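Each of two forms of one protein chain follows alone as structure tokens, named structure 1 and structure 2.
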Structure 1
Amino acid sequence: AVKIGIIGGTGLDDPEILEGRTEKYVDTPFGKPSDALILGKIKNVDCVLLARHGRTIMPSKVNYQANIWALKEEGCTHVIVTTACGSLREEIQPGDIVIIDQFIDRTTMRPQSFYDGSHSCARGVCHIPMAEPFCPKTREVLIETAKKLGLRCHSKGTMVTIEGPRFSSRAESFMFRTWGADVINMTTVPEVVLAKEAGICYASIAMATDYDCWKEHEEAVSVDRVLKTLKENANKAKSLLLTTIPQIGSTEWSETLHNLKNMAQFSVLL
């Protein structure tokens, strides 16, 4: 029974889309999620929407633990998120989609495990594998769905997640390029890590909104530029989600989820 948690689900909380709507504030052993969980069906598939920043909060301080724990406890099998990001590559243009497959962690202040010694709900030490952080099957549906829509889309990409809330210096932007990063943001880590500990199939839709500050004869990133590009291109990620959702619903998952569950279980030392 597929149930899709959606974080950053641009415009999905709408009576024309979300049927049987219901809104639910929850508590978790890690605290309160960013906002109420919005429950309903989209194209006959059970979904749970969660707004990452609420509606106020810096990326460093988002309660990623509470957010993922809540989605797990609601019964989500899948999580699909959207994020804005900066492009670190010429061929990734503003407005393009990137179905990211890897990350580089540049965060510093963020808890990244549920298994923190302090919670009876998550006993022991968890060393979760991260060789493949993102759900391959969901990513493949995202890719094929983008092609069906005729959208500019990149099939793979490495996201460097910085601590923020400041944007990167130019020396930093250049060094990230040399480390192999393709796109840059402030939220992928530790969301992806925690979803993996929870045995959830997690994938990210990244939309490039600027070229950070590395580029020649190009204007550097600002809040205003991001906000304008998002406004011009949000419709893309929304169509992609909306078209992906029913395909997730009709796909077989038992083996995929069984392996995720085993991987998470055998990562824990008691």
Structure 2
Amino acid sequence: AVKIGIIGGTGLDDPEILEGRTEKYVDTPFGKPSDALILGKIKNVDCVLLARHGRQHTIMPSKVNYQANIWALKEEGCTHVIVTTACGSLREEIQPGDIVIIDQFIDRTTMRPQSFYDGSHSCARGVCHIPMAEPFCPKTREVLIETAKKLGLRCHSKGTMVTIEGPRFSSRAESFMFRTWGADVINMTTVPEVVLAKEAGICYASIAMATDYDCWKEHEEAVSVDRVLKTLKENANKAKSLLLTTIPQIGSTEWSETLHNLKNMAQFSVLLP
């Protein structure tokens, strides 16, 4: 049995993706999630949808309760979490509208709790040092990549996401610098979402959709809210189709060994007194 949490990003958090929808507000030891969980199905597969920024997009990236969001999805019984994220492209070949099935990140966030194990919650006791060598689930990523190909979508099979604190966009000097560091795409939301998913023993993968070229092409038009929303209006259907087609494939394959290994990695990362 699998159950797929879906965290929807900017313009990419469409409830209509699920059949048989039921709204469920929940609480967690880390506070309230961004919004109600939306329980439903894609074909025969149980899913739980959550809008990262709230359904009215009222929560800025620095203020998203990443701990509560991941905790809530885990408590609801999610084995997998597949997310969408709007992002800037830091590479000419990653064009706006392209999907990037990211496999690494570089953290530039500064304000965010990145662990459940903060010494303040009885539900998560001890000191946890989670490994981040492979932050994203390779098996889920492989299904996303194969499915994007079956759909004929422009899709990149790897990429490094730099996550900035925001909510401002990057300066041009920063944008240039991130390119030198080997970042391929830029957002404000991957970290610590991916980190907390790993601590929870959840298979996490991210559908990154390039919405802009940030500002590293000084000759070309630079990113803005309006530019991002426009690209999402034009391209969001691609992420919807990718989720709708990927999720039944995830449901049809065996995950016990993968989930056992993730559970072990999470459990063995915790030092108890």
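Only residues modelled in both forms are compared. Every residue number counts along structure 1's sequence, beginning with 1. By rigid core we mean the largest C-alpha set that fits within 1.5 Å across both forms.
- Annotation: Cα of residue 260 displaced by less than 2 Å between the two structures, core superposition.
- Taking the rigid core as fixed, one finds a CA shift for residue 10 of 2 Å or more between the two structures.
- Once the core of the two forms is superposed, the Cα of residue 213 has moved 0.2 Å between the two structures.
- Core-superposed difference between the two structures: one segment of three or more residues with every CA shifted 2 Å or more, namely 9 to 20.
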